[PDB]
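Residue numbers (my numbering), protein chains in the order written: chain A, 1 to 33; chain B, 34 to 66; chain C, 67 to 99; chain D, 100 to 132.
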């Protein structure tokens with residue numbers, strides 16, 4: 001169980017990092033368009 | 034085995050995050066070029 | 067304990083990768099603004 | 100040992116994802132400058 005818990009928590013953090021980076025990229029595409 | 038399974042699945046998620054970020058970056062380089 | 071230690075260290079590295087990428091993005095938004 | 104091996108390999112993949120993303124960002128900052 002603990003292994004699957006670690007996997008789930010890292011997966012969540014990856015998705016959070018991705019969403020935050022794409023948020024800043026869209027602010028840049030929004031600035032230019 | 035479960036450890037290698039966790040590693041393989043995180044590796045996959047990393048590659049997915051990378052491809053998605055580079056997809057949005059190319060939409061931005063495409064907009065400007 | 068070692069499992070939680072691995073999780074904590076990967077979490078730290080993710081946050082470092084995110085901060086560095088957002089640093090370069092802001093240098094780009096700064097260039098254009 | 101296997102746990103530390105998994106950690107080392109994910110760490111490597113993170114650094115590879117970061118370097119590749121910053122490579123594409125610099126191609127974009129290079130295009131505009």
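For each residue, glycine too, the CB sits at the ideal point set by N, CA and C.
Partners in chain E for residue i, counting only beta-carbon separations shorter than 8 Å
i: residue 51 of chain B; result: No chain E appears in the structure shown, which is made up of the protein chains A, B, C and D.
Buried or exposed by the 16-neighbour rule on C-beta atoms within 10 Å, applied to residue i
i: residue 3 of chain A; result: exposed
i: residue 76 of chain C; result: buried
C-beta contact flag for residue i and residue j at 8 Å
i: residue 25 of chain A; j: residue 50 of chain B; result: no
i: residue 65 of chain B; j: residue 28 of chain A; result: no
i: residue 72 of chain C; j: residue 120 of chain D; result: no
Reduced DSSP category for residue i - H, G, I as helix; E, B as strand; rest coil
i: residue 57 of chain B; result: helix
i: residue 33 of chain A; result: coil
i: residue 34 of chain B; result: coil
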